[PDB]
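Working notes, structure below.
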Amino acid sequence: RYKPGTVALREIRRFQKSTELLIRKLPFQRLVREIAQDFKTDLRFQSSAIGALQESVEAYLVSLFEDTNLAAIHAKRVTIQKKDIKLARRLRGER
Amino acid sequence: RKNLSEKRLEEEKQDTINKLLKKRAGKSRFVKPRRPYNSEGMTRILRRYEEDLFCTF
Amino acid sequence: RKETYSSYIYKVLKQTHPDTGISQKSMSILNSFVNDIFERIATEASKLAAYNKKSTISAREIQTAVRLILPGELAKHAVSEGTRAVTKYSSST
Amino acid sequence: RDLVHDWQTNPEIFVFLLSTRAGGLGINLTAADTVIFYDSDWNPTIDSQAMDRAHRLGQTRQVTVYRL
Amino acid sequence: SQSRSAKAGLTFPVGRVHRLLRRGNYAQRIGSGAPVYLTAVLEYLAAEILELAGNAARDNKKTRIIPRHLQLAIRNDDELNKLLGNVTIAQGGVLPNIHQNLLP
Amino acid sequence: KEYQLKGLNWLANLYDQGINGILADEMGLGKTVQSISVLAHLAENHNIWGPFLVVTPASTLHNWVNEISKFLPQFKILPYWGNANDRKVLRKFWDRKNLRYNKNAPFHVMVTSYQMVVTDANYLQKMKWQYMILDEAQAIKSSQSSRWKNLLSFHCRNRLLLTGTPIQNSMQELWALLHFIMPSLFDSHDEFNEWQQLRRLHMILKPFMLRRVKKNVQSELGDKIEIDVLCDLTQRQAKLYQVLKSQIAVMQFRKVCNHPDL
DNA sequence: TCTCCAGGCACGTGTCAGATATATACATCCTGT
DNA sequence: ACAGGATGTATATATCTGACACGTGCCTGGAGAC
């Protein structure tokens, strides 16, 4: 058995230690089509364009998780909250 | 015009596949020389049955 | 004739790491990086040419643009190597 | 395909090397008789097919098997 | 006769970047030292990146160059990260960093 | 043209009975031409030119292709080996989805090996067969092989075996072969281990196989006699022999029994 | 701007890395007796 | 708590495919003179 917090460090090491994609492909492709048909209907998409969208949102989300964790330590806490996300979005500049 | 073009494309693809199969079936299904002798800038002594030679420099 | 920088960075990798190979995704990384640096430096040199009522781009504008783009140690090493290459090319006699 | 053909056609070839199961299964080797086993002691089943490829129909002389 | 790249002692082409500068409409007049200066700068930058990438690939004890090694070389170096603090990477990953108090 | 004609007639008799047969004789008397005569007789009897499957080790794959071309050239020969693009082209060649009897079709004979059949179990899961032949089937003697698992999932229901020596006697390949012949009622090997021991095994497999030997016809084949040559070890070979005896696996003994340069 | 040729790309042919087996012992492990 | 039968290991082989490599024909943009 393990104390609560050691296996979390083990899997956080495993997730930082690897390079695989973490988002399921078919829900993302469906999301891209359903978010694109409002702008222009009956569109066609390239597979590497979906891969580019995949890697862009992965990099954006993990960088967002860095500075929202920085907001979490700044408020003397561990768990992130929604005000940490709003603070990170405001201090990044966008609204 | 589209059906004739599709039939021609199917005939060309079948002909290419048959030619590839025929080519694959037809293509897939000593004394040793002497040592080099050289003599540059070297005098020659030569000896036949009837006369002797001496090619000097 | 789709044009790319593959052979040149293959050899300059080969003069220092002979038993090493490149992946194709990595191959694309170096190609895109070279093209991005080229675009940034060339548009800064054109902006600096349009600065001074000057219709010609020469080596001095690109030296100033290299000193503007790069960080300092990269900048001083880049202008040192580029000056050596220019003096090699100019004294072709 | 052509090594077996060159073995069965040319008579000037003298030595035909082999592994255990590489050519001791179904290969027609009736042009020779003397099989020589360097270390074939693994199982009798493997060796029973080994001279089966040589001691076959079409041999015109006596077969002398040498086990070393 | 012979190319200008060997005249200036480089491996990157000179006429190619001269062409790409020409109809790239940056200016209507382009001097002669411009492609050799750009060529030497690109030489040095590619050589430095390839040096650090080969060191990271050898550091992985693995005989090819994988973009994880490119990410390691980009973010481990100080001013290469400063030059490339904007560009997102393909199949590179994230450098391992844990904040100090999360360790118990 | 030999005495295998009555044997193939008896094999046709068990084929008409409705169960699979066993050929448990050594190679040398022409089991290959016997199998091609079985195919010719069944193509003359039931008028079938269609699905025939052949799994053979690759050393004699080209050989039995060659004697198929030299003996009976009336059928259509299609191979299966090589690179994956040629594999896709040959997959296109029998992609007609034909069923039952066919006359003008290129899949009259289909020749392959064990290992890429084991690799292409998804591609061989479809295209249900009518007659499959396993040549030198001693290689799946273990029941734990993945090739056994892929060879237990066909849709042909015909298990003719061509094996020189199925008497490997490792207490499980016998159960493997009898489960291969009848796949319905032979499943619990512990009960067959449970079900005087020298005599009582003679009648169990007797009506399935037939007893043949090489010493029944004229023998100009050579009449192979044995010369077991013995020799003593050299001082170097015995020296490293006693050295690794003192330091202390059988291959370490036999490789210095072969050459010290190993 | 004219002449021009070869460097560089599209598309072919081979090479170990890895996987998978066989076999004869001992070694060890897990479970039931 | 021990024995007996399962896998595990080792140390060689063996065959065989996979994902890389290298080598070649041939055009259009580089080089030279002006």
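Overview of results
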{"read-out": "Degrees separating the helix A:47-74 axis from the principal Cα axis of chain A, which is the longest one", "value": "30 degrees"}
{"read-out": "Size of charge dipole - chain E - debye, nearest 20, with Cβ of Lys, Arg +1 and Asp, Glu -1, no other charges", "value": "600 debye"}
{"read-out": "Other-chain or far-sequence residues with amide H under 5 Å of F:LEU161's (modelled H)", "value": "F:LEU23"}
{"read-out": "Nonlocal amide H pairs with E:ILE65, under 5 Å, H built at 1.01 Å", "value": "C:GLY21, C:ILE22, C:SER23"}
{"read-out": "Taking the C-alpha atoms of chain F, convex hull volume expressed per residue in Å³", "value": "229 Å³"}
{"read-out": "Cα radius of gyration and Dmax for the stretch E:2-87 (Å)", "value": "16.4, 50"}
{"read-out": "Kirkwood Rh (inverse of mean 1/r, distinct Cα pairs), the stretch F:120-216, angstrom", "value": "15.2 Å"}
{"read-out": "Cut-off 11 Å between beta-carbons: net charge of the residues surrounding A:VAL7, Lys and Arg +1, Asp and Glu -1", "value": "+4"}
{"read-out": "Ranked list, fewest to most other Cβ atoms within 10 Å of each Cβ, for F:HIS108, F:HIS46", "value": "F:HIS46, F:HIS108"}
{"read-out": "Chain C - charge dipole about Cα centre, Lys and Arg +1 at Cβ, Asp and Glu -1, debye rounded to 20", "value": "240 debye"}
{"read-out": "Ascending count of other beta-carbon atoms within 10 Å, so fewest first, for F:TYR15, A:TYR2", "value": "A:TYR2, F:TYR15"}
{"read-out": "Principal semi-axes in Å for chain C [√(5λ), Cα gyration tensor, largest first]", "value": "28, 18, 14"}
{"read-out": "Peptide D:42-53, shielding by other chains (average Cβ, 10 Å cutoff)", "value": "4"}
{"read-out": "Chain B and the stretch D:1-61: distance between their alpha carbon centers, rounded to Å", "value": "33 Å"}
{"read-out": "Sites F:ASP228 and F:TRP10, calculated FRET efficiency, Cβ-Cβ separation with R0 41 Å, nearest 0.05", "value": "0.55"}
{"read-out": "The stretch A:4-95 - Debye-derived log10 I(q)/I(0), Cα point model, q = 0.15, 0.21 Å⁻¹", "value": "-0.82, -1.11"}
{"read-out": "Full-extension gain in nm, F:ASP190 to F:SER146, via 0.36 nm per residue minus C-alpha separation", "value": "13.7 nm"}
{"read-out": "Mean Cα-pair separation over length for the stretch F:29-145, i.e. relative contact order, pairs under 8 Å, 6 or more apart, %", "value": "42 percent"}
{"read-out": "Descending principal axes extents, the protein assembly as shown, alpha-carbon based, whole Å", "value": "108, 105, 83"}
{"read-out": "Beta bridge orientation in the protein assembly as shown: antiparallel %, DSSP, nearest 5", "value": "15 percent"}
{"read-out": "Largest-first principal axis extents of the Cα set of chain B (Å)", "value": "91, 26, 20"}
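Each reported figure results from applying straightforward, stated rules to the coordinates on display, with no laboratory input. Positions of Cβ are generated from backbone atoms using ideal geometry, with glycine treated the same way; all protein chains shown enter the neighbour counts.
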